[PDB]
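Q:
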Amino acid sequence: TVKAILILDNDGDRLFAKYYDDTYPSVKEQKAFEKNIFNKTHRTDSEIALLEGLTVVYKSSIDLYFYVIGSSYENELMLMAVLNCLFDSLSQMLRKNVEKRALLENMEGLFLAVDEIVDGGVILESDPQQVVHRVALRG
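Here's what the structure looks like:
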């Protein structure tokens, strides 16, 4: 189970957020959480942390920070598989430039990919090759 997927820009500003349960019901609480996460994280190719009582697996590209968040009890490799599948699906779709400019140019790609990976918090698919194939079929 995934509780959230976030992509923040280099200023910590939300490019994409999806929350799958009621942990952060208001937008003010979500944005505060996003700010806290951002301020407690840094550039990396892949890190796991407990933050805010939750398991956060995350990674950065040149100007984007990608987080996949689960409960404090979750299998953290499952959460990493989501994060890799999302990132690697984008890498294929963005011709290997995973950056704010390219991603904003194909946000539907992004939205459809996340919907192939997670459905209401349930992890449906961790192979990015599968995901990109299905996004191509849907838009």
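Quick note, the deposited numbering runs 11 ahead of the 1-based positions in the sequence shown. C-beta: ideal position from N, C-alpha, C; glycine also.
So, are the CB atoms of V109 and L90 less than 7 angstroms apart?
A: No, the pair does not count as a contact, with Cβ atoms beyond the cut-off.
Q: Taking only beta-carbon atoms, is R149 less than 7 angstroms away from chain D?
A: As a matter of chain content, chain D is missing from the structure shown, which is built from one protein chain.
Q: Would you list the residues sitting across from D130 in a DSSP beta bridge?
A: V133
Q: Can you give the Cα-Cα distance for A28 and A124, rounded to whole angstroms?
A: 13 angstroms
Q: Determine the burial state of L148: buried for a count of at least 16 other Cβ atoms within 10 Å of its Cβ, exposed for fewer.
A: Exposed: under 16 other Cβ atoms inside 10 Å.
Q: If you compare alpha carbons, which of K111, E116, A92, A113 is closest to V142?
A: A92
Q: Where does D20 sit, in a helix, a strand or coil, going by DSSP?
A: strand
Q: Please look up how many angstroms separate the CB atoms of residue 6 and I48, rounded, as I've assumed it's under 8 angstroms.
A: Summary: the structure shown does not reach residue 6, with the chain confined to residues 12 through 150, and so no result is reported for it.
Q: In or out: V133 buried (at least 16 other Cβ within 10 Å) or exposed?
A: exposed
Q: Measure how close the beta-carbons of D74 and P139 come, nearest whole angstrom, since I'm counting them as under 8 angstroms.
A: With 8 angstroms as the limit, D74 and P139 do not qualify as a contact, their Cβ atoms being about 21 angstroms apart.
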